[PDB]
Every structure is written in structure tokens, then in C-alpha cells.
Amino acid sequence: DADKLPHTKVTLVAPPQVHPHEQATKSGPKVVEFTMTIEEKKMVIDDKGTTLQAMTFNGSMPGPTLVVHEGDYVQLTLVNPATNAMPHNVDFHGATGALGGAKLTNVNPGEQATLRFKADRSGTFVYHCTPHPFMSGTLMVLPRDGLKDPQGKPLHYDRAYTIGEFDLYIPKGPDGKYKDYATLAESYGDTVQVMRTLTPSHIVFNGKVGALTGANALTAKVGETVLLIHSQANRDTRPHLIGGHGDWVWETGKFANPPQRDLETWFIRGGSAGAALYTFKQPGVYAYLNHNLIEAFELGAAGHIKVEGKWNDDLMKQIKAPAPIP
């Protein structure tokens, strides 16, 4: 029985980080306790001041990544302060029954509720508010013994990074400029019309064109293995590490399945999270992007990863530098 089990309380962190956690664990089924605070707000989403009338779990797009193990129970306290304007809920793709929890978690402003479900299937899993993919994140459910390659050999990551990718549908006034709305409710009707064209005005990693560039680049060092968790609650995307690979990729994001190796580009189905391991072998700046290069370069779906360490001439070498043609 679940009630008769130990309870742990987890402190969540902002994306792109994932809270500290154990991979392989001698430990036993726990009930893991999480709390999240829904937050409506306006956000600047590009370099030119365009705003989005947003809804978030915990203030961030994406919401934070919750981590448990196969067999653990997730118990989430979902809070929706009075400072907000709408009901909300949460649908956990990792959970079974009641529209993934959506039905047991409808909370008006100033309300709260608490859900428990068995996390009995390993993998990365999207949770989102039932009709809003803008409010989403990843539930990572690790197998009790850690990640395994197709032959059962152990696998691991030294650091985890979390990337939620968002297709945005921002309306334009008669002048051709993006509309700014005073409330969430007023954005609604125009946004739907733009959504019906199926053409995003913007596709952003982590809230904003550039969220994962400049001072905000991800980081690693040569010899380090990194887990890239990629979620997209609404639209297909195709992650690619420029100059890298996915050493082992669960593109459908479910750990009881063997991963694929050596991927150049993988595929995240809209309504899901997937996961890729890469061990760095060269230093420098990498681009992690959506390999529709229009969606990446023109619309916003690209980030960087600054990698420290020693250059390897065996893997790659500049034989003749750029020079005039003989």
C-alpha cells in the first residue's frame, strides 16, 4: 500500500537545470512530494519587445522538471493563487487515469489541490495544463537501476539539462506589428485565428528567442556526459547538436525501450518528451537546435552549449587553413 511508504519532499529548480537526484539507487519505493505554483504573466519573447500573454508552472517556460524512479509515487500539491485570472489543472503523461490527473486538479484562483499517482513506467513524460501546452514540463521517471544501453550495459550522465520548446502564435494588427494585450483573456480570440493557420510566429527554447545563448548558454567540459531532455507539448521538433551527435537517444522518451545510437538528428513528437546522451570530445561552442533551419534561425528554436577541454586532432583537424586557390 502507498500510504504505508516513506515520504520525501523535493525542492524544484528553474530550467535549464534539473534538481539534484540519484540515477541508479539502492533505495526503495518512496512517495515523492512536489509543489508547484501556477503563475499567469506577460513575457517578452524576442529581441524586439514582442510580448506573450503567458501562463506558467512556477514562473518559467518550461515548468520545472520533476524527477522520480520507477515504482515511486508522485504526490503534487498544485497551487493557483488569487492573483491569477483562470482555472488550471495538470495532465501528467506519466500517470494513469482521470485525464492524467487533469480531472482531479482543476483549481480556480486562490484554490489548491493535491494529487498522487504511481509513476510505474520509466521515461521522460510531458505534464501540461489540459488545454494549454504553454504550461508544460517534463516528468522524468528513471529506472530504479539507472539508464541501460540496448545490451543492458549501464549508462549515465554527469549533468542533466532541460529544454522545453514552444510554438507561439502571436497576432498582428492592421499595421503589421505584433499586438500587445492588457489581459490574458483579450489575447485569446486573435491568437486562435493565428493558431488555425498552424504557422507559429515564434518557436522558442525556454521562453525567449535566445534564452539559451550568450551568458545563458549551457555548459560542459570534454569527457563529460550530458543528458539533453527535450519536451514539446504541442508540435513536432527535430533536435540536433551541431558538431555533436546523440550517442544514445530515446526519441520517444521511454526508458524500457532500447535507445538508438549515433543519431545526427532525432525527432520529438508533439505531445511528448524525449532524451539524448552525449559525451563531449571536442571543446568550443556547440549549437543545439531544431533542424528545420527556418524554425531555428528565423523563428527562434536554437541554443548554445559552451564546451571546455582539449582539442582532439584525431577526431578533427584543419589540414589547410583557408587560403587562395593555387
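All residue numbers are counted from 1 along the displayed sequence.
- For the pair 109-117 and 244-252, the mean Cα B-factor is higher in 109-117.
- Of the two segments, 230-238 and 88-96, the one listed with the higher mean B-factor is 88-96 (C-alpha atoms only).
- Highest CA B-factor among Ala82, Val194, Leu139, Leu168, as stated in the entry: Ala82.
- Comparing C-alpha B-factors across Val204, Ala215, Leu198, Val126 in the deposited entry, the largest value falls on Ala215.
- Ranked against the other modelled residues of its chain, the C-alpha B-factor of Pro29 as given in the entry falls in the highest third.
- Annotation for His69: C-alpha temperature factor in the middle third relative to the rest of the modelled chain, per the entry.
- For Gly176, the recorded CA B-factor ranks within the highest third of the chain. Only modelled residues enter the ranking.
- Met61 sits in the middle third of its chain by CA B factor, as recorded in the PDB entry.
- Per-chain ranking of the deposited C-alpha B factor places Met43 in the highest third.
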